[PDB]
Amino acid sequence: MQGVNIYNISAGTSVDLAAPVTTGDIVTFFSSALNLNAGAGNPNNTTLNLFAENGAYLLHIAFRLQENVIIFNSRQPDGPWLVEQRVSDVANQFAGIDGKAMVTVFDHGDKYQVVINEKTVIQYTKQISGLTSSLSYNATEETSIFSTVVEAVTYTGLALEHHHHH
């Protein structure tokens, strides 16, 4: 069954999903603010995470104003960060909309399509696979590029099994 779930996530906290996100599903983070002059991160200004049941970081999205780049990576909870993917020019990805922003993640099975507002920033080839069962938004009150509380909206149960009888 297709469904919509809404989660208010405060900076520095995580949430367990009522319905997991799998291939064909969508997850969008909504920020009621956009602070592109928040100062240097430590090293990250803001991070958004998709966790698998086992605790693995399936997708780690990190924004760094001082390096002017958006990082995408994965890792096991007790392991080292894997191969970092980078996309430069943070402001250009949010260009067109001020005072708010949205980050959408499409789970395509083999890759994660990340879209900031209307722009696809990267087709991220997965380094770790599995179902997303938890989300987190990490940042300090002072240096986050997003609002203190971000709202995560998930669209699940989207893929359909179509049986054909001959």
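Residue positions are given as counts along the sequence shown, with the first one as 1.
**Study point:** Of 19 to 27 and 140 to 148, the stretch whose C-alpha atoms average the higher B-factor in the entry
**Key:** For C-alpha atoms only, the mean B-factor is higher in 140 to 148.
Point to revise | Residue stretch of maximal mean CA temperature factor, 88 to 96 vs 75 to 83 | key: In the deposited entry, the stretch with the higher C-alpha B-factor mean is 88 to 96.
Practice item. Report the option among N54, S134, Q113, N117 whose CA atom has the maximum B-factor in the deposited record. Key: The listed residue with the largest C-alpha B-factor is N54.
**Study point:** Highest recorded Cα temperature factor - choice among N37, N44, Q127, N49
**Key:** Max CA B-factor in the entry, restricted to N37, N44, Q127, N49: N37.
Review point. Going by the entry, which third of its chain does the Cα temperature factor of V4 land in?
Key: As the PDB entry reports it, the C-alpha B-factor of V4 lands in the lowest third of its chain.
Exercise for review: Please place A101 in the lowest, middle or highest third of its chain by C-alpha B factor as given in the entry.
Suggested key: Answer is middle: the recorded C-alpha B-factor places it there.
**Study point:** Where the record places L65 (Cα B-factor, split into thirds across the chain)
**Key:** Its C-alpha B-factor belongs to the lowest third of this chain's values.
Practice item. Within this chain's modelled residues, let me know which third the CA B factor of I122 belongs to: lowest, middle or highest. Key: CA B-factor rank for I122: middle third.
Practice item. Divide the modelled residues of the chain into thirds by Cα B-factor and specify which third, lowest, middle or highest, holds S10. Key: For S10, whose C-alpha B-factor we compare with every modelled residue in the chain, the answer is the middle third.
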